[PDB]
Amino acid sequence: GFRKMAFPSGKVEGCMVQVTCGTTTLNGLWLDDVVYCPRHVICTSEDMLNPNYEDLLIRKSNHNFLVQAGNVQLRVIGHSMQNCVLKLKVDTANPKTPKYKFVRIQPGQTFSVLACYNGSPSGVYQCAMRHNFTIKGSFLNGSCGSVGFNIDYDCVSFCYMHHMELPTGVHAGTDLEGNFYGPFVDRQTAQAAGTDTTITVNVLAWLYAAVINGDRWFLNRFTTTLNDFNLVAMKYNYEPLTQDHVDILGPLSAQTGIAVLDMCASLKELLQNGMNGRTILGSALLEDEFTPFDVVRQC
Amino acid sequence: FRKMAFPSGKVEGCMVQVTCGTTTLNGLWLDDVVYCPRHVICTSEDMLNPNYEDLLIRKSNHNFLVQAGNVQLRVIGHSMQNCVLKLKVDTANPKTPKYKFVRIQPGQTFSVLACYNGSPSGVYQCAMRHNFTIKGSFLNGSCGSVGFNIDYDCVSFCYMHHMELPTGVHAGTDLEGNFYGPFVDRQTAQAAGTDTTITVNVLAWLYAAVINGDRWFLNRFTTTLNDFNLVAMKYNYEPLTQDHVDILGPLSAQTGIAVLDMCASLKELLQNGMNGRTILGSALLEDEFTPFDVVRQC
Ligand SMILES: COc1cccc2[nH]c(C(=O)N[C@@H](CC(C)C)C(=O)N[C@@H](C[C@@H]3CCNC3=O)C(=O)c3nc4ccccc4s3)cc12
Ligand SMILES: COc1cccc2[nH]c(C(=O)N[C@@H](CC(C)C)C(=O)N[C@@H](C[C@@H]3CCNC3=O)C(=O)c3nc4ccccc4s3)cc12
């Protein structure tokens with residue numbers, strides 16, 4: 001009764017285009033008369049290991065950039081670079097531009113990813129920004145420039161553009177100002193992320209989700225203080241729960257009548273005892289990619 | 001591997017609302033027809049056991065409020081086909097995609113665009129269980145939301161939502177109004193059949209594991225199809241059909257592991273267990289990725 005649920009992607013699909021420079025092709029986002037895309041579209045295989053991006057860009061001319069919106073070619077009439085993003089001014093404004101904002105999200109927040117190849121949308125799914133600033137996505141060769149977003153009353157808040165797959169199989173990218181999430185760099189190197197701690201407030205939100213959907217087996221008659229919970233949480237590489245997190249869980253607490261610290265005592269038991277093979281909402285593991293908002297929005 | 005829905009835009013452009021009285025359901029606007037669940041015509045005391053034919057005779061075109069947003073589409077004809085109502089409207093939808101109506105087989109996955117008051121709310125992947133239910137996420141007001149697959153810009157509509165069973169799973173029809181499974185559209189508690197594990201999808205999952213280099217479970221045995229099906233039934237696994245064997249063909253060729261050899265490997269896993277080992281990082285076998293999903297992702 002509770003599923004990972006993406007936002008409808010139509011407003012973003014109408015913005016996806018193809019950007020080609022030489023032998024490199026990736027995806028771009030076309031809003032008004034500007035196409036946003038990863039700047040390493042200008043790199044050849046020789047440039048990848050140590051690209052001096054300003055020195056490479058100054059050598060390019062507008063006509064070196066081939067931008068295709070479906071079948072139609074869009075004429076590039078100017079370009080600028082903002083951090084790791086290239087902004088191509090085109091001679092045609094996108095008639096399907098939605099109301100939109102660029103936002104930089106916080107670890108723990110979720111967004112929808114529209115995975116695209118050759119400027120054509122392929123799939124949509126939810127992702128969470130993890131505490132080490134990676135996301136557990138599904139991206140293949142040619143996916144760069146795919147974007148992540150949230151939608152609120154027909155306004156699309158773009159928060160992610162895709163750049164990289166780490167050796168561990170997780171993914172890294174930038175906001176739409178071209179600043180990476182995390183300590184990653186847009187060069188062709190094998191990069192490791194920091195320690196990935198679990199998003200505690202999201203696990204708790206999902207335990208409330210299970211209760212709303214009629215499952216209570218993991219509850220117990222005990223309680224805990226906030227600091228005693230956090231001591232155990234940190235022992236298991238969970239993020240410490242703040243009073244802001246407790247406040248954010250209030251509505252789910254009030255809906256279910258289970259105090260936040262009572263659910264923390266439930267999670268403490270699950271961490272110390274395991275699930276003993278049983279499952280929660282279909283999962284054999286503690287799910288941490290639903291926010292309190294995601295639970296309320298869906299329930 | 002992620003559960004990935006199809007991009008929903010081509011379907012968003014077809015969602016409308018249909019109101020009769022105070023009852024508002026979602027509808028699907030393709031060319032100059034709107035399709036919706038027929039019980040939009042029901043009142044509260046009509047729903048325990050509706051006489052839909054007698055209820056429809058008391059309706060006229062002007063009793064139906066069809067809206068795209070707040071814009072009314074005038075109804076110029078109406079008819080009933082199984083459990084769906086077809087309203088002819090005076091405007092052909094300019095956003096109509098290339099489309100087909102398909103009746104899917106159990107095990108197959110599709111994308112659901114959940115909608116409320118004609119307004120799309122979220123999208124997610126579902127598998128049709130072998131008892132013809134789906135594990136969806138649907139609230140009051142969701143009926144008429146549709147499920148679909150997209151192949152080369154052609155939208156194949158396969159599901160329209162009608163019901164939540166007492167067990168919390170969901171049931172509905174194809175776009176010709178024929179229920180999947182033994183369910184009926186009235187306000188009554190109905191039971192599904194046994195929910196078997198989707199064998200063909202577990203086999204697809206095993207192929208995905210082999211593709212990614214996780215192949216400890218491959219054995220040196222083979223089986224006949226009939227011997228496997230008789231064993232599978234004892235573990236609440238669905239018997240394989242010839243169609244299942246054939247849709248595993250591409251993965252079998254990709255890996256060089258014959259379908260029946262993979263069946264013998266799964267049979268061993270069912271009879272002896274995983275014994276603490278994992279496959280693609282999980283101790284549980286996934287049964288909601290189809291052979292197509294695995295190729296679409298690998
Ligand atoms: C020895 O180097 C490694 C060692 C160990 C792991 C590694 N990972 C990467 C790495 O990710 N590189 C970046 C590109 C860098 C420059 C940001 C990259 O290929 N992005 C992809 C999406 C990738 C591809 C597979 N699925 C993922 O999502 C993308 O679409 C782009 N393709 C190109 C092709 C040509 C020019 C620009 C781009 S941008 C390198 C690497
Ligand atoms: C004693 O009766 C029960 C006992 C035990 C379990 C039960 N389940 C149902 C049952 O499902 N009824 C159908 C309706 C029937 C007629 C197909 C129904 O409410 N469909 C919903 C989607 C539901 C709602 C909750 N989330 C689900 O997906 C839908 O959208 C529709 N709403 C209306 C409202 C007014 C008129 C038409 C429609 S059609 C009844 C029932």
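Naming: A, B, ... by sequence-line order, numbering from 1 per chain. Heavy-atom basis, side chains included; hydrogens, waters and symmetry copies ignored.
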Side chain proximity check, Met234(A) to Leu231(A), heavy atoms < 4.5 angstrom: yes
For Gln18(A) and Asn118(A), does a side-chain donor sit closer than 3.5 Å to a side-chain acceptor? yes
Is there a side-chain contact between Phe158(A) and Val12(A), using heavy atoms and a 4.5 Å cut-off? yes
Determine the sole option in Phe148(B), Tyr159(B), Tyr124(B) for which the ring-ring contact (aromatic ring centres under 6.0 Å, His included) test with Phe110(B) is passed. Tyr159(B)
Mark yes or no for whether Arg3(A), through its side chain, and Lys135(B), through its backbone, hold a donor-acceptor pair below 3.5 Å. yes
Intermediate values then yes/no, side chain to side chain contact (heavy atoms under 4.5 Å, CB included), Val203(A) and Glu287(A): CA-CA 6 Å; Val203(A) 181; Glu287(A) 174 63 62; over 6 Å; no
Within-4.5 Å side-chain heavy-atom neighbours: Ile247(B) and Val200(B): yes
Verdict with supporting geometry, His171(A) and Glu165(A), side chain to side chain contact (heavy atoms under 4.5 Å, CB included): CA-CA 4 Å; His171(A) 295 105; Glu165(A) 185 176 293; 2.9 Å; yes
Pair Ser137(B)-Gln298(A), side-chain donor/acceptor within less than 3.5 Å: yes
Min side-chain heavy-atom separation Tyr36(A)-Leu88(A) under 4.5 Å: no
Rounded distance (nearest 0.5 Å) linking atom CZ of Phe102(A) with atom OG of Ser157(A): 10.5 Å
Examine distances only and state if a side-chain atom of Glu12(B) and a backbone atom of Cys14(B) form a donor-acceptor pair shorter than 3.5 Å. no
Output all residues satisfying salt bridge (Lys or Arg N to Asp or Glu O under 4.0 Å) with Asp196(A), sequence neighbours left out; order by chain, then residue number. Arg130(A)
Are any side-chain N or O atoms of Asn213(A) and backbone N or O atoms of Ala210(A), one a donor and one an acceptor, separated by less than 3.5 Å? no
Where do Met164(A) and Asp186(A) land on the side chain to side chain contact (heavy atoms under 4.5 Å, CB included) test, with the steps shown first? CA-CA 8 Å; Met164(A) 170 169 282; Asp186(A) 50 342; over 6 Å; no
Among side-chain atoms of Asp293(B) and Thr109(B), is any donor-acceptor pair under 3.5 angstrom? yes
When rounded to the nearest 0.5 angstrom, what is the spacing between CG in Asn230(A) and NZ in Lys268(A)? 9.5 Å
Here the gap from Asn27(A) atom CG to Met16(A) atom CE, rounded to the nearest 0.5 Å, amounts to 5.0 Å
Between the side chain of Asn202(A) and the main-chain N/O of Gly108(A), is any donor-acceptor distance below 3.5 Å? yes
Compute whether any side-chain donor of one residue and acceptor of the other, for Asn50(A) and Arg187(A), lie under 3.5 angstrom apart. yes
With a 4.5 Å heavy-atom cut-off, do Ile211(B) and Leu251(B) have their side chains touching? yes
Looking at CG of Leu57(A) and NE2 of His79(A), how far apart are the two atoms once the value is rounded to the nearest 0.5 Å? 4.0 Å
So CE of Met263(A) and CG of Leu207(A): to nearest 0.5 Å the spacing works out to 5.5 Å
Between the main-chain N or O of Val185(A) and the side-chain N or O of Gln191(A), is there a donor-acceptor pair closer than 3.5 Å? yes
Side chain of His162(A), backbone of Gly173(A): donor and acceptor closer than 3.5 Å? no
Shortest non-hydrogen contact between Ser9(A) and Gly9(B), atoms and distance: OG-N, 4.3 Å
Closest non-hydrogen atom pair, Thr197(A) against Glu239(A): OG1-OE1, 3.3 Å
For the backbone of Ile280(A) and the side chain of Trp206(A), can you confirm whether one donor and one acceptor N or O come within less than 3.5 Å of each other? no
Between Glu269(A) and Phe218(A), is any pair of side-chain heavy atoms under 4.5 Å apart? no
Ignoring hydrogens and geometry, is there a side-chain-to-backbone donor-acceptor pair from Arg2(B) to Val124(A) under 3.5 Å? no
Heavy-atom pair of closest approach, residues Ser146(A) and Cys116(A): OG-N, 2.9 Å
If you look only at pairs with a residue in residues 172-192 of chain A, which of them pass as a ring pair (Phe, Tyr, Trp, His ring centres under 6.0 Å), with sequence neighbours excluded? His163(A)-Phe180(A)
Nearest 0.5 Å please: distance from the CD atom of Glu289(A) over to the CD1 atom of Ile199(A). 6.0 Å
Determine, step by step, whether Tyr208(A) and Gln255(A) satisfy the side chain to side chain contact (heavy atoms under 4.5 Å, CB included) criterion, reporting the C-alpha distance in whole Å, the side-chain angles of both residues, the deciding distance to 0.1 Å, and the verdict. CA-CA 9 Å; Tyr208(A) 280 112; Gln255(A) 161 155 12; over 6 Å; no
For the side chain of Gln125(B) and the backbone of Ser111(B), is there at least one donor-acceptor N/O pair under 3.5 Å apart? yes
Residue pair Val146(B) / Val112(B), side-chain heavy-atom distance below 4.5 Å: no
Which atoms form the tightest heavy-atom contact between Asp175(A) and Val85(A), and what is the distance? O-CG2, 4.3 Å
Please check this pair: side chain of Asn83(A) against backbone of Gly178(A), looking for a donor-acceptor N/O pair closer than 3.5 Å. no
If every non-hydrogen atom of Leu267(A) is compared with every non-hydrogen atom of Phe229(A), which pair is closest and at what distance? CD2-CZ, 3.8 Å
Of all heavy-atom pairs between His40(A) and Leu26(A), which one has the smallest distance, and what is that distance? ND1-CD2, 4.5 Å
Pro7(B) and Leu114(A), any side-chain heavy atoms less than 4.5 Å apart: yes
Could you tell me whether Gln106(A) atom CD has more than 12 heavy atoms of other residues or ligands within 6.0 Å of it? no
Check whether NZ of the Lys or CZ of the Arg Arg296(B) lies under 6.0 Å from the centre of the six-membered ring of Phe6(B) and within 45 degrees of that ring's axis. yes
